[PDB]
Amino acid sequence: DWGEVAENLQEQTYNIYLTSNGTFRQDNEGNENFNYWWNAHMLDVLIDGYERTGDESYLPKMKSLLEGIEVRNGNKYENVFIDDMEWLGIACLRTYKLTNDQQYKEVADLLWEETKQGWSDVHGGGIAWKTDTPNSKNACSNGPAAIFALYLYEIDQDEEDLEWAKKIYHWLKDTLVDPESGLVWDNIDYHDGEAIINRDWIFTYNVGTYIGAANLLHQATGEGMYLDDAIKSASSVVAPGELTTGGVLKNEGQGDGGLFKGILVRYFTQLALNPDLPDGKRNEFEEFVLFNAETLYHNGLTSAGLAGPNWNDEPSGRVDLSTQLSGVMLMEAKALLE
């Protein structure tokens, strides 16, 4: 069953990438480089496993990871990459909602304060990409920020957190979202004195976090406009276009790009579980997840359980942790859809 596929990928990922301090190394060829936001998504994958199985063995692995991230980041959680902080904050609030472990909440609160400090009037709003790159406002430092704020609002029910979610999402939609397709451009930045939007870089995980934010805003407010937003973006993901090759989410390389597919699948799946989704869209989205899962399972996984950047070809060399996490995420999402 899909659950057993996901469990096997979980075990393989853990054993191949485990390294010092309960964190996870950059690749399977001995590169020990610490990648903060990849390890945040490893936390996300471990939570996926815990939620599926209820197996208590996930909990020490999660906790060690949380603490190891702090150590390998220089004995602090703050990072000059603001998107990094947002991703870890999301994982921490997910875990808090599931375990009530206050250590995760305290980390998330620190990171939320860091995140808000990244907002500025450059380009009319939005959270900066990095604390030393204030003039770049990126989909990956805003979509996740809106999700982070929505999890915080769901938990502490402080209205200022929903205010923040709405502010962030409104700026994102106005600036970086194509009004017709709902695809999401990577960033707006100043280059040689002038403001440029990179429309060439349409990445899976940016439309993914836009969908995720839209879906959570729908759940936080009830307003159908958010669900319509989510549906338009997701429908453009399913239909043939820039993000698919033969009905399969495209190869976006390794390194950071290796993780992009998995993040889209995560939030795509959360949309498909939205109770107010029309039945036809639900069936279509579930089918899309199944088709990608089948394709990776039969054509992309090496015998040892490693997924490559192209879910249709087995990798023959280095596999970065990010790439592998995307495969694990797809399988956990399929299992979640039963």
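For every residue, the number given is its place in the sequence shown, counted from 1.
Higher mean CA temperature factor, per the PDB entry, when comparing 271-279 with 61-69: 271-279. Comparing 174-182 with 95-103, the stretch with the higher mean C-alpha B-factor in the PDB entry is 95-103. In the deposited coordinates, the residue among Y50, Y297, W37, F34 with the greatest CA B-factor is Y297. In the deposited entry, the Cα temperature factor of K166 places it in the lowest third of its chain's modelled residues. In this PDB entry, the Cα temperature factor of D83 sits in the bottom third of its chain's modelled residues, the lowest group. For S316, the recorded CA B-factor ranks within the highest third of the chain. Only modelled residues enter the ranking. In this PDB entry, the Cα temperature factor of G118 sits in the middle third of its chain's modelled residues. When the CA B factors of the chain's modelled residues are split into thirds, the value for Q157 lands in the highest one.
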